[PDB]
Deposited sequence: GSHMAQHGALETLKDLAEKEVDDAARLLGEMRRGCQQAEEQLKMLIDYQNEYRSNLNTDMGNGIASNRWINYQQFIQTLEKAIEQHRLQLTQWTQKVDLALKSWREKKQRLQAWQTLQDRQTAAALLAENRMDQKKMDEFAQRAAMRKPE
């Protein structure tokens, strides 16, 4: 039953829908990666703003401080990297959706012309039969 344009338009439409969902997944992922990174940086600042006791007595504190900050910075670097990765994925998913969206419009335009051609053909053949016989 399908036709030339319709089958191709249907595929393009599906590609568009697929691309939009992919874009949605990438965006949600990028937003979550940023929230996770954000939480770590806040944890860091609160931990810092807080670092205000003794000398060698609170030496264990200086030590704990150094170890933790290094561990936290490590986490922050990895999450920053992850955000960079999600960001790139969003950019690509967005570009992909845009072009498939443009491909779909192109098939839509062809169909509109087909609707035109068909209506025009019907108009001519339905009266040709009774125009000349006049």
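- Of the deposited sequence, the ranges 1-5, 58-59, 142-150 have no C-alpha coordinates according to the record.
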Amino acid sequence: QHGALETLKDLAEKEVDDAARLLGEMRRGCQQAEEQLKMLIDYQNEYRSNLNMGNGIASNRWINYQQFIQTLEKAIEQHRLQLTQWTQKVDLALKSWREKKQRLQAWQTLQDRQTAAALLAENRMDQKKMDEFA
From here on, numbers count along this sequence of modelled residues.
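- Looking at mean Cα B-factors across 13-21 and 113-121, the upper value is held by 113-121.
- Legend: mean Cα B-factor per stretch from the PDB entry, 84-92 versus 55-63; the higher mean is in 55-63.
- Taking the deposited Cα B-factors for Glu34, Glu77, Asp42, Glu99, the highest one is held by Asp42.
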